[PDB]
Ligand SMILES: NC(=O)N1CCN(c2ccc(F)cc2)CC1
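First comes one chain, alone, set out as structure tokens in the form deposited without this ligand.
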């Protein structure tokens, strides 16, 4: 029974519009309909993991699990195992996996974040699941963000609150939020970003959709434009959108968008929009390939159409040698040369680095760097040659070149992280000085950069 080095992951997001689903939802899990769809020749091939995010979900967990399991069994003839299910209000995440993966999956976490204060705390937020799959950490977030075309800033704030406060993954990675804790992080949901065009243009927009001419609509998609201006989802990826806007439809057909202001909308227009989205962020130089991203055409109980995305995702095996785990492999070492952190902070305080990685017995604290001034006023923390030599638990290059080092730059005075980043050890060469780089973020906001050289020694 060989351990996989690749799995496929299905991500689904559906705002169910508080209505039970139709009797057949198989098209969703088959990635059929509009956009980048899955080849018919793959229909009987199960994905390894199915992650289902719903919003405005009127079903009990039991009712929805029974529908999902019966759907996958009908498609695949496989009885999928429940990894995790978590519900906040009407926001739900279900993770199903093939039974052969039961003993590959461990460290299952669930959490939720409620967004907003008083007025705004009551129905929006996120649920999430993480686990290990052999040597690979996987995180999944289903968020239902603030509605309304005029509230893109609120959505960006909701995103900020969710990535700060969602407690998934390894709690020993204390300086790191969910945007750094996982080999692969998938964030999906009713993100509620809208096509930001004048109200009077609604019929023009509908025309554009009927012509499958999305270019002029996507150029006004608030998620794409906010991402381009680095207001949200910094360092996340999204597949190109080639399907019609998934909101807001008249129920029981897909032929009609319902966009006009009504008492029930709070006298707001709902111009056709790509509310329903899947984004991801993987550690550098890990295999992740989007193999589908689209919407179904035949599921019409909601004012949203379901969205699907599928991924190839690189995974690693749970490595055991004669040495690690439980002792350093003295054959291996990670060295750092000419290392500098450039920070955006206006503060003048001493900094040190922490190195965190599952290839180390425990995190490593550096000595303090020496602060200098960049040309354009900036704080530059010099580490030069002073960073420690890291001693990985296993020196085998088949393990070590697949690993990553998380870096936090911490204030000596407060121990608060000013910036988090990640370095891949998937180098072009070993025993060779090679450039390294990571941006540094805090609360998912760009706070600086870390650059230098690495020199990696493996058993080879």
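Residue numbers count along the first chain shown, from 1.
Visitor: Using only C-alpha atoms and the B-factors in the entry, which stretch averages higher, 210 to 218 or 297 to 305?
Guide: Mean CA B-factor is higher for 210 to 218.
Visitor: Would 188 to 196 or 95 to 103 have the larger average of its C-alpha temperature factors, as given in the entry?
Guide: Per the PDB record, 95 to 103.
Visitor: Given 276, 239, 368, 150, identify the residue with the highest C-alpha B factor in the PDB entry.
Guide: Each of 276, 239, 368, 150 was compared by C-alpha B-factor; the highest is 368.
Visitor: Per the entry, which of 48, 420, 57, 416 tops the list for Cα B factor?
Guide: It is 416.
Visitor: Divide the modelled residues of the chain into thirds by Cα B-factor and specify which third, lowest, middle or highest, holds residue 73.
Guide: It belongs to the highest third of the chain when residues are ordered by C-alpha B-factor.
Visitor: Residue 427: which third of its chain by C-alpha temperature factor?
Guide: For residue 427, the deposited C-alpha B-factor lands in the middle third.
Visitor: Sorting the chain's modelled residues by C-alpha B-factor, tell me whether residue 435 ends up in the lowest, middle or highest third.
Guide: Middle third by C-alpha B-factor.
Visitor: When the deposited Cα B-factors of this chain's modelled residues are ordered and cut into thirds, is residue 177 in the lowest, the middle or the highest one?
Guide: Bottom third by C-alpha B-factor.
Visitor: Within this chain's modelled residues, let me know which third the CA B factor of residue 27 belongs to: lowest, middle or highest.
Guide: Answer is lowest: the recorded C-alpha B-factor places it there.
Just so it is clear, the following notes concern the form deposited with this ligand bound, a form of the same protein that is not shown.
Visitor: Among the candidate residues 328, 390, 224, 202, which is the single one with a non-hydrogen atom no more than 4.5 Å from this ligand in the bound PDB entry?
Guide: For this set of options, the contacting one is 224.
Visitor: So which of 361, 250, 312, 102 gets a non-hydrogen atom within 4.5 Å of this ligand in the bound PDB entry?
Guide: Exactly one residue meets the criterion: 102.
Visitor: Classify residue 83 as contacting or not contacting this ligand in the bound PDB entry by the rule of any non-hydrogen atom within 4.5 angstroms, answering yes or no.
Guide: Residue 83: yes, in contact with this ligand in the bound PDB entry.
Visitor: For residue 349, is any heavy atom within 4.5 Å of this ligand in the bound PDB entry, or not?
Guide: Residue 349: no contact with this ligand in the bound PDB entry.
Visitor: If you check in the bound PDB entry, is residue 106 within 4.5 Å of this ligand, heavy atoms only?
Guide: The answer is yes: residue 106 has a heavy atom within 4.5 Å of this ligand.
Visitor: Classify residue 228 as contacting or not contacting this ligand in the bound PDB entry by the rule of any non-hydrogen atom within 4.5 angstroms, answering yes or no.
Guide: Looking in the bound PDB entry, residue contacts with this ligand include residue 228, since a heavy atom lies within 4.5 Å.
Visitor: Which among 203 to 211, 328 to 336, 107 to 115, 257 to 265 is in contact with this ligand in the bound PDB entry, heavy atoms within 4.5 angstroms?
Guide: Heavy atoms within 4.5 Å of this ligand in the bound PDB entry occur in 107 to 115.
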